[PDB]
Structure formats: structure tokens, C-alpha cells
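**Q** Quick one: structure below, then a few questions.
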Amino acid sequence: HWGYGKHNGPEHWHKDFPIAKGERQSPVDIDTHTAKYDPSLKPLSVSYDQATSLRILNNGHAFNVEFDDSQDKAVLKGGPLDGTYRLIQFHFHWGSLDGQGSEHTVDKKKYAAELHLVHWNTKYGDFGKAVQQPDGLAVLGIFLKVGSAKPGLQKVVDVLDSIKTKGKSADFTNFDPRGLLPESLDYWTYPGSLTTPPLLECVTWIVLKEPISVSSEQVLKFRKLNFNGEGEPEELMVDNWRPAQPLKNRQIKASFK
Ligand SMILES: NS(=O)(=O)c1ccccc1
Ligand SMILES: O=C(O)CCCC(=O)O
Ligand SMILES: [Zn+2]
């Protein structure tokens with residue numbers, strides 16, 4: 001099965017998922033000088049006041065904080081989007097060292113990690129149908145740099161010991177994802193894909209310009225997770241990021257001057 005090793009990592013994925021070599025793959029490098037300011041782009045509307053987290057899961061590739069998406073409770077609107085997208089889960093990608101870990105890059109800069117808040121377009125009824133559509137998902141990407149701690153991240157950090165290995169989950173209620181957002185909602189946007197198999201070309205990417213700061217201790221706890229299941233040879237969950245893919249025929253737009 002696919003993963004992030006020499007034998008099964010990103011350079012192998014195309015054999016089982018030929019769309020890996022497609023026309024709208026993610027992530028990409030964001031060349032800040034060639035991204036065009038688009039005055040037609042709207043402010044992003046992030047409405048997470050009623051978000052209901054349920055559970056946290058080690059799926060063997062990352063950990064997902066899952067939400068109740070059975071009603072319009074946590075939604076993303078505006079920005080480049082038409083209509084309403086409902087939050088289903090968030091997860092991160094991160095490195096073995098602070099100098100790598102993000103999927104998107106900015107003028108070739110790699111951040112220590114990247115948060116993905118995943119939302120599906122309500123016009124398709126649920127997530128599985130949405131991923132079959134070119135406007136099915138909106139993923140809000142937020143870079144992490146190492147410095148001061150992010151207080152709103154600590155509840156996530158502290159539960160990771162209980163989901164060390166693949167397949168473990170834990171109740172994770174009342175977590176407020178507003179605590180993971182930076183001050184500014186300035187963003188870049190482009191059409192792309194899931195960054196893990198099945199690599200479907202269904203995502204409007206919205207990447208925030210302003211990173212959040214997390215502490216070295218917080219990211220070190222991410223790096224204690226395991227890709228393996230319980231009682232299997234320990235493989236630390238690090239470097240679970242796909243490198244930048246060819247931009248091909250796409251334009252990255254900026255919401256800000
Ligand atoms: N990593 S990502 O593109 O946010 C993603 C989101 C949902 C499913 C698969 C991948
Ligand atoms: O299935 C594969 O081995 C990848 C190539 C398939 C294709 O490019 O259509
Ligand atoms: Zn992701």
C-alpha cells in the first residue's frame with residue numbers, strides 16, 4: 001500500500017493512481033511574484049462558531065480530527081468559492097526536522113508543517129460524492145513555523161499519546177478549530193487535488209499567507225506518532241508530505257496586494 005517510504009512514497013503513487021501525473025495536482029510551489037492579485041476575490045468567510053468535533057484518528061498517514069458534518073455547523077464560504085462547504089476533518093503534514101514538512105511551498109520555502117481544514121460542497125450531499133466533482137472540496141491550508149506555542153493546539157498535542165499507532169482513535173469533543181487560525185485571512189488560491197491517494201482533482205485550494213507559530217515541543221509530539229500499527233516495528237510518523245507538483249496550465253491568485 002502507498003505511504004511515505006523509499007519503496008511506497010510519492011514517486012511510486014502514479015502506478016496505482018495514474019492521476020498522480022495529472023493536469024491539476026497538488027501541492028504546488030507558490031511563486032509570490034507571479035501570483036496575481038485578483039480584486040474580484042472576496043474575503044474568506046470561516047464560520048466555525050458551532051463546530052462539533054467528535055473524534056481523533058491515527059489513520060496510518062496522519063491524524064484526523066473529525067467533525068459532525070450532518071448539519072450546516074462549521075462552514076467555509078466566500079473567498080473564491082461559490083456556495084457552502086462544510087468542515088469534515090482537519091489534519092497536518094509535517095517533517096522529521098523543522099526545515100521541511102509543508103506540502104505547499106512559498107518561493108521554495110518549506111515550513112515545518114501544514115494544517116489542512118477539509119470542507120465539502122453541500123451541493124453534492126456528502127463527501128464521497130463531492131470528491132468526484134471538480135468543485136467538490138475546499139481545503140484551507142495553514143503553514144506552521146516553530147517559535148512560540150499555539151495555545152489552541154495543545155489539546156490536540158496532549159491526546160496524541162492515546163493514538164500512537166495506526167487504527168487508534170479517541171473521543172475528541174468540544175475542540176474549537178478557531179484556535180488554529182492566524183490573525184489574517186489573506187490567501188492564495190488555485191485549482192488542485194487531494195495530496196494523498198486517490199489524488200482526485202476535486203479541490204479549490206485556499207492557502208493562507210500568514211503562518212501560525214507552534215512550539216518545538218508541540219511539533220516534537222507530532223513526531224512521536226507512528227505510521228505502523230500496535231505491535232509492529234516502529235516507524236515514526238514523520239515526513240508525511242507530498243512534494244510540490246508541476247503547476248502546468250494554472251494560475252495562482254492572491255486575495256491581497
Ligand atoms: N491532504 S488533503 O489534500 O487535504 C486531503 C483531504 C481529504 C482527503 C485526502 C487528502
Ligand atoms: O496504472 C499504472 O500502472 C499507472 C499508469 C496508468 C496510466 O497511466 O493510465
Ligand atoms: Zn492534507
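Quick note on naming: the chains in the C-alpha cells go A, B, ... in the order shown, residues restart at 1 in each chain, and ligands are numbered from 1 in order of appearance.
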Residues within 8 Å of ligand 2, counting only C-alpha atoms and all ligand atoms: report them as a PDB file with N, CA, C and O atoms, in the first residue's frame.
**A**
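So the final result, stored in selection.pdb, reads:
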```
ATOM      1  N   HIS A  14       1.965   7.009  -8.700  1.00  0.00           N
ATOM      2  CA  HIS A  14       1.387   7.007 -10.034  1.00  0.00           C
ATOM      3  C   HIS A  14       1.070   5.607 -10.554  1.00  0.00           C
ATOM      4  O   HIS A  14       0.188   5.459 -11.386  1.00  0.00           O
ATOM      5  N   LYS A  15       1.740   4.585 -10.047  1.00  0.00           N
ATOM      6  CA  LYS A  15       1.487   3.215 -10.533  1.00  0.00           C
ATOM      7  C   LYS A  15       0.105   2.706 -10.150  1.00  0.00           C
ATOM      8  O   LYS A  15      -0.542   2.041 -10.927  1.00  0.00           O
ATOM      9  N   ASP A  16      -0.366   3.053  -8.961  1.00  0.00           N
ATOM     10  CA  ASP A  16      -1.727   2.686  -8.560  1.00  0.00           C
ATOM     11  C   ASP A  16      -2.739   3.787  -8.785  1.00  0.00           C
ATOM     12  O   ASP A  16      -3.921   3.499  -8.876  1.00  0.00           O
ATOM     13  N   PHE A  17      -2.258   5.020  -8.944  1.00  0.00           N
ATOM     14  CA  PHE A  17      -3.098   6.208  -9.071  1.00  0.00           C
ATOM     15  C   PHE A  17      -2.547   7.074 -10.193  1.00  0.00           C
ATOM     16  O   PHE A  17      -1.844   8.049  -9.949  1.00  0.00           O
ATOM     17  N   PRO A  18      -2.837   6.705 -11.465  1.00  0.00           N
ATOM     18  CA  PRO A  18      -2.213   7.418 -12.567  1.00  0.00           C
ATOM     19  C   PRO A  18      -2.499   8.913 -12.651  1.00  0.00           C
ATOM     20  O   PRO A  18      -1.709   9.638 -13.271  1.00  0.00           O
ATOM     21  N   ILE A  19      -3.580   9.360 -12.012  1.00  0.00           N
ATOM     22  CA  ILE A  19      -3.861  10.793 -11.939  1.00  0.00           C
ATOM     23  C   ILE A  19      -2.746  11.565 -11.206  1.00  0.00           C
ATOM     24  O   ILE A  19      -2.717  12.786 -11.274  1.00  0.00           O
ATOM     25  N   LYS A  21       0.053  12.025 -12.189  1.00  0.00           N
ATOM     26  CA  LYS A  21       0.736  12.782 -13.249  1.00  0.00           C
ATOM     27  C   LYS A  21      -0.235  13.682 -14.008  1.00  0.00           C
ATOM     28  O   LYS A  21       0.054  14.070 -15.127  1.00  0.00           O
TER      29      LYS A  21
END
```
**Q** For the strand (DSSP E or B) assignment from backbone DSSP, which residues of range 41-202 of chain A qualify? Please present them as a VMD selection string.
**A** chain A and resid 44 to 47 53 to 58 63 to 67 75 to 78 85 to 94 105 to 106 109 113 to 121 137 to 146 169 to 171 187 to 192
**Q** Go through A:242, A:257, A:166, A:248 and flag the residue nearest residue 228 in chain A, using only C-alpha atoms for the distances.
**A**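 Smallest distance to residue 228 in chain A is found for A:166.
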**Q** Excluding residue 13 in chain A and any residue of its chain fewer than 2 positions from it, enumerate the residues within 12 Å of it, using only C-alpha atoms, and give them as a list in words.
**A** residues 1, 2, 3, 4, 5, 6, 7, 8, 9, 10, 11, 15, 16, 17, 18, 19, 20, 21, 195, 196, 197, 198, 199 and 242 of chain A
**Q** So that I have them on file, write out the residues from the current selection with N, CA, C and O atoms, as a compact mmCIF listing (two decimals), in the first residue's frame.
**A**
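result_39.txt was written with the following content:
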```txt
# COMPACT_ATOMS: atom_id res chain seq x y z
N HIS A 1 0.86 -1.22 0.00
CA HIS A 1 0.00 0.00 0.00
C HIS A 1 0.87 1.24 0.00
O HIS A 1 2.03 1.20 0.38
N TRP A 2 0.32 2.35 -0.41
CA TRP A 2 1.06 3.59 -0.54
C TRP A 2 1.42 4.13 0.82
O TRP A 2 0.73 3.89 1.80
N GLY A 3 2.47 4.92 0.84
CA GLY A 3 2.87 5.60 2.08
C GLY A 3 3.88 6.68 1.77
O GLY A 3 3.81 7.33 0.72
N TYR A 4 4.83 6.84 2.69
CA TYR A 4 5.90 7.84 2.58
C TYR A 4 7.28 7.24 2.86
O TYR A 4 8.11 7.84 3.57
N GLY A 5 7.54 6.07 2.28
CA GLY A 5 8.89 5.49 2.26
C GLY A 5 9.55 5.49 0.90
O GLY A 5 8.94 5.84 -0.12
N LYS A 6 10.80 4.98 0.86
CA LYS A 6 11.57 4.78 -0.38
C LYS A 6 10.79 3.91 -1.34
O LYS A 6 10.83 4.10 -2.56
N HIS A 7 10.09 2.92 -0.78
CA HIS A 7 9.52 1.87 -1.58
C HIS A 7 8.08 2.16 -1.99
O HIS A 7 7.58 1.54 -2.90
N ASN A 8 7.41 3.06 -1.24
CA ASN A 8 5.99 3.28 -1.46
C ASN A 8 5.58 4.75 -1.39
O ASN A 8 4.38 5.04 -1.34
N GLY A 9 6.57 5.64 -1.47
CA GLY A 9 6.32 7.08 -1.31
C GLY A 9 5.82 7.74 -2.56
O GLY A 9 5.52 7.10 -3.58
N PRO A 10 5.74 9.08 -2.53
CA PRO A 10 5.15 9.86 -3.60
C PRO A 10 5.60 9.54 -5.00
O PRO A 10 4.77 9.64 -5.91
N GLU A 11 6.86 9.18 -5.20
CA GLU A 11 7.34 8.89 -6.56
C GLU A 11 6.81 7.55 -7.11
O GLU A 11 6.95 7.28 -8.32
N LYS A 15 1.74 4.59 -10.05
CA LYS A 15 1.49 3.21 -10.53
C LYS A 15 0.10 2.71 -10.15
O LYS A 15 -0.54 2.04 -10.93
N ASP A 16 -0.37 3.05 -8.96
CA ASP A 16 -1.73 2.69 -8.56
C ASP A 16 -2.74 3.79 -8.78
O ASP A 16 -3.92 3.50 -8.88
N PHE A 17 -2.26 5.02 -8.94
CA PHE A 17 -3.10 6.21 -9.07
C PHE A 17 -2.55 7.07 -10.19
O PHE A 17 -1.84 8.05 -9.95
N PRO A 18 -2.84 6.70 -11.46
CA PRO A 18 -2.21 7.42 -12.57
C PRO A 18 -2.50 8.91 -12.65
O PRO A 18 -1.71 9.64 -13.27
N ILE A 19 -3.58 9.36 -12.01
CA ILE A 19 -3.86 10.79 -11.94
C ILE A 19 -2.75 11.57 -11.21
O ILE A 19 -2.72 12.79 -11.27
N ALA A 20 -1.84 10.86 -10.52
CA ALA A 20 -0.68 11.48 -9.91
C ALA A 20 0.10 12.36 -10.89
O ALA A 20 0.79 13.30 -10.44
N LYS A 21 0.05 12.03 -12.19
CA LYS A 21 0.74 12.78 -13.25
C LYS A 21 -0.24 13.68 -14.01
O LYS A 21 0.05 14.07 -15.13
N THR A 195 -3.87 15.64 -1.83
CA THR A 195 -2.41 15.43 -1.83
C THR A 195 -2.02 14.02 -1.39
O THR A 195 -0.83 13.73 -1.33
N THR A 196 -3.02 13.17 -1.08
CA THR A 196 -2.79 11.74 -0.86
C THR A 196 -3.68 10.97 -1.80
O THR A 196 -4.74 11.46 -2.22
N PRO A 197 -3.27 9.72 -2.12
CA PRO A 197 -4.17 8.85 -2.87
C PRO A 197 -5.59 8.85 -2.28
O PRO A 197 -5.72 8.74 -1.06
N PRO A 198 -6.63 8.98 -3.10
CA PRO A 198 -6.63 8.77 -4.55
C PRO A 198 -6.28 9.99 -5.41
O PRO A 198 -6.43 9.92 -6.62
N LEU A 199 -5.80 11.10 -4.83
CA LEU A 199 -5.22 12.20 -5.62
C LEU A 199 -6.23 12.87 -6.55
O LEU A 199 -5.88 13.48 -7.56
N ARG A 242 3.73 15.34 0.57
CA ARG A 242 3.99 15.19 -0.88
C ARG A 242 4.75 16.43 -1.34
O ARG A 242 4.36 17.54 -0.99
```
**Q** Which one of A:239, A:98, A:234, A:114 sits closest to ligand 1 if you count only C-alpha atoms and all ligand atoms?
**A**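 Comparing A:239, A:98, A:234, A:114 against ligand 1, the winner is A:114.
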**Q** Can you work out which one of A:146, A:28, A:140, A:237 has the shortest atom-to-atom distance to residue 90 in chain A, counting only C-alpha atoms?
**A**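 Between A:146, A:28, A:140, A:237, the residue approaching residue 90 in chain A most closely is A:140.
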**Q** Applying 7 Å and only C-alpha atoms, which residues near range 77-81 of chain A remain after dropping the ones on its own chain fewer than 3 positions away? List them as a ChimeraX atom specification.
**A** /A:41-46,84-85
**Q** Could you dump the residues just selected with N, CA, C and O atoms as an mmCIF file, in the first residue's frame?
**A**
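To be explicit, this is the file written out as part-v3.cif:
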```cif
data_model
loop_
_atom_site.group_PDB
_atom_site.id
_atom_site.type_symbol
_atom_site.label_atom_id
_atom_site.label_comp_id
_atom_site.auth_asym_id
_atom_site.auth_seq_id
_atom_site.Cartn_x
_atom_site.Cartn_y
_atom_site.Cartn_z
ATOM 1 N N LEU A 41 -11.737 38.653 -5.934
ATOM 2 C CA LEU A 41 -11.804 37.652 -4.867
ATOM 3 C C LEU A 41 -12.410 38.301 -3.625
ATOM 4 O O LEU A 41 -12.150 39.457 -3.318
ATOM 5 N N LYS A 42 -13.273 37.556 -2.943
ATOM 6 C CA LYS A 42 -13.939 38.021 -1.731
ATOM 7 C C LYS A 42 -13.147 37.638 -0.503
ATOM 8 O O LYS A 42 -12.283 36.721 -0.526
ATOM 9 N N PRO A 43 -13.417 38.359 0.621
ATOM 10 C CA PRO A 43 -12.871 37.868 1.879
ATOM 11 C C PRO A 43 -13.362 36.472 2.159
ATOM 12 O O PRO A 43 -14.487 36.121 1.788
ATOM 13 N N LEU A 44 -12.521 35.679 2.797
ATOM 14 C CA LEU A 44 -12.918 34.338 3.134
ATOM 15 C C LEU A 44 -13.898 34.435 4.324
ATOM 16 O O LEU A 44 -13.671 35.257 5.213
ATOM 17 N N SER A 45 -14.944 33.604 4.339
ATOM 18 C CA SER A 45 -15.877 33.534 5.456
ATOM 19 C C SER A 45 -15.695 32.189 6.131
ATOM 20 O O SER A 45 -16.031 31.145 5.565
ATOM 21 N N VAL A 46 -15.098 32.189 7.310
ATOM 22 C CA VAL A 46 -14.875 30.978 8.112
ATOM 23 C C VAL A 46 -15.835 31.057 9.293
ATOM 24 O O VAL A 46 -15.672 31.917 10.127
ATOM 25 N N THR A 84 -21.505 26.780 -0.376
ATOM 26 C CA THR A 84 -21.234 26.495 1.051
ATOM 27 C C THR A 84 -20.501 25.186 1.177
ATOM 28 O O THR A 84 -20.954 24.196 0.587
ATOM 29 N N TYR A 85 -19.427 25.180 1.959
ATOM 30 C CA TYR A 85 -18.629 23.981 2.126
ATOM 31 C C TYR A 85 -18.548 23.649 3.620
ATOM 32 O O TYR A 85 -18.221 24.509 4.451
#
```
**Q** Using only C-alpha atoms and all ligand atoms, what table do you get, as a tab-separated table, when you list each residue of chain A with an atom no more than 9 Å from ligand 1, its nearest pair of atoms, and their distance in Å rounded to one decimal, rows by chain then rising number?
**A**
```
residue	atom	partner	partner_atom_place_in_ligand_line	distance
A:26	CA	ligand 1	3 (O)	7.3
A:27	CA	ligand 1	3 (O)	8.0
A:88	CA	ligand 1	7 (C)	8.9
A:89	CA	ligand 1	7 (C)	8.0
A:90	CA	ligand 1	4 (O)	7.7
A:91	CA	ligand 1	4 (O)	7.4
A:92	CA	ligand 1	1 (N)	7.9
A:93	CA	ligand 1	1 (N)	7.8
A:103	CA	ligand 1	1 (N)	8.7
A:115	CA	ligand 1	4 (O)	8.3
A:116	CA	ligand 1	4 (O)	5.0
A:117	CA	ligand 1	4 (O)	6.9
A:118	CA	ligand 1	6 (C)	5.7
A:119	CA	ligand 1	6 (C)	8.4
A:131	CA	ligand 1	8 (C)	8.4
A:137	CA	ligand 1	6 (C)	8.3
A:138	CA	ligand 1	4 (O)	8.7
A:139	CA	ligand 1	4 (O)	5.8
A:140	CA	ligand 1	4 (O)	8.1
A:141	CA	ligand 1	4 (O)	7.9
A:192	CA	ligand 1	3 (O)	8.7
A:193	CA	ligand 1	3 (O)	6.2
A:194	CA	ligand 1	3 (O)	3.4
A:195	CA	ligand 1	3 (O)	4.0
A:196	CA	ligand 1	10 (C)	4.9
A:197	CA	ligand 1	9 (C)	6.8
A:198	CA	ligand 1	9 (C)	7.3
A:199	CA	ligand 1	10 (C)	7.1
A:200	CA	ligand 1	9 (C)	8.2
A:203	CA	ligand 1	3 (O)	7.5
A:205	CA	ligand 1	3 (O)	8.7
A:241	CA	ligand 1	1 (N)	8.5
A:242	CA	ligand 1	1 (N)	8.9
```
**Q** How many Å separate CA of residue 54 in chain A from CA of residue 132 in chain A?
**A** 25.3 Å
**Q** Mind checking DSSP for range 87-131 of chain A and telling me the helix (DSSP H, G or I) residues as a ChimeraX atom specification?
**A** /A:122-124,127-130
**Q** Any chance you can output those residues with N, CA, C and O atoms as an mmCIF file, in the first residue's frame?
**A**
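Contents of the output file result.cif:
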```cif
data_model
loop_
_atom_site.group_PDB
_atom_site.id
_atom_site.type_symbol
_atom_site.label_atom_id
_atom_site.label_comp_id
_atom_site.auth_asym_id
_atom_site.auth_seq_id
_atom_site.Cartn_x
_atom_site.Cartn_y
_atom_site.Cartn_z
ATOM 1 N N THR A 122 -21.738 21.471 -0.197
ATOM 2 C CA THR A 122 -23.025 20.943 0.219
ATOM 3 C C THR A 122 -23.932 20.590 -0.932
ATOM 4 O O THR A 122 -24.878 19.821 -0.777
ATOM 5 N N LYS A 123 -23.616 21.191 -2.188
ATOM 6 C CA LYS A 123 -24.465 20.901 -3.322
ATOM 7 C C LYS A 123 -24.358 19.438 -3.758
ATOM 8 O O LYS A 123 -25.189 19.001 -4.535
ATOM 9 N N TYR A 124 -23.348 18.687 -3.272
ATOM 10 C CA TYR A 124 -23.184 17.276 -3.628
ATOM 11 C C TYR A 124 -23.617 16.306 -2.527
ATOM 12 O O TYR A 124 -23.483 15.089 -2.696
ATOM 13 N N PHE A 127 -19.459 13.784 1.325
ATOM 14 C CA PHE A 127 -18.063 13.882 0.959
ATOM 15 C C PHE A 127 -17.719 12.965 -0.196
ATOM 16 O O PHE A 127 -16.971 13.322 -1.108
ATOM 17 N N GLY A 128 -18.211 11.721 -0.136
ATOM 18 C CA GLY A 128 -17.877 10.755 -1.166
ATOM 19 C C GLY A 128 -18.334 11.138 -2.568
ATOM 20 O O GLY A 128 -17.683 10.824 -3.553
ATOM 21 N N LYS A 129 -19.472 11.795 -2.666
ATOM 22 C CA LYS A 129 -19.938 12.326 -3.946
ATOM 23 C C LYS A 129 -19.143 13.584 -4.324
ATOM 24 O O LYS A 129 -18.838 13.812 -5.507
ATOM 25 N N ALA A 130 -18.829 14.421 -3.315
ATOM 26 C CA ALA A 130 -18.119 15.658 -3.600
ATOM 27 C C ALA A 130 -16.748 15.418 -4.231
ATOM 28 O O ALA A 130 -16.350 16.185 -5.089
#
```
